[PDB]
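The chain below stands alone, shown as structure tokens; this is the form deposited in one PDB entry.
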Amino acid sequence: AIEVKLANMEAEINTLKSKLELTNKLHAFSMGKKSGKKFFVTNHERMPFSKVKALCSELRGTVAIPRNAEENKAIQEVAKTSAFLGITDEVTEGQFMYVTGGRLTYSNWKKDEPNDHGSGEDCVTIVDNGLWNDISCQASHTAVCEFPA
């Protein structure tokens, strides 16, 4: 009778775990997650970069960062407007790094990797046409978070 309940409750807990796993899978699917690929989500709210970082962190994802043409288009389609990307040149001007670390392996600048020569535009936004431009991290742009494949 003692271990009986513990057994029923343990199995009970397992069924809840299974239900939640499905809920998460279906949610991701509904959010447009492509099989075996990272996906992007937005609440369409515009805010300063620091807030975007905090929000994506709270959701256990990270600020969206395109690493190839496919992802650049995907983020573009989700944002629908100017949105911050997870890259900055806050530390070394003209040398953008992912917020999670490292030099860019892919980019889509309007021209070349931008050195602002002192004006302080250290964040990056992707515009309606998919191109990237440096901008002030204090400006308010659309928050787009990414989640793992």
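We call the rigid core the largest set of C-alpha positions that still match within 1.5 Å between the two forms. Shifts are known only where both forms have a C-alpha. Numbers for residues come from their place in the sequence shown, where the first is 1.
Keep in mind that the form deposited in another entry is not shown, yet the notes after this line are about it.
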| query | finding |
| --- | --- |
| Sole member of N68, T100, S119, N43 with a C-alpha shift of at least 2 Å between the shown form and the other one (core-superposed) | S119 |
| Relative Cα spacing, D112 and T100, in that other deposited form - shift of 3 Å or more | farther |
| Relative Cα spacing, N133 and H117, in that other deposited form - shift of 3 Å or more | closer |
| Large-shift segments between the shown form and the other one, meaning 3+ residue runs whose Cα move 2 Å or more when the rigid core is superposed | 111-119 |
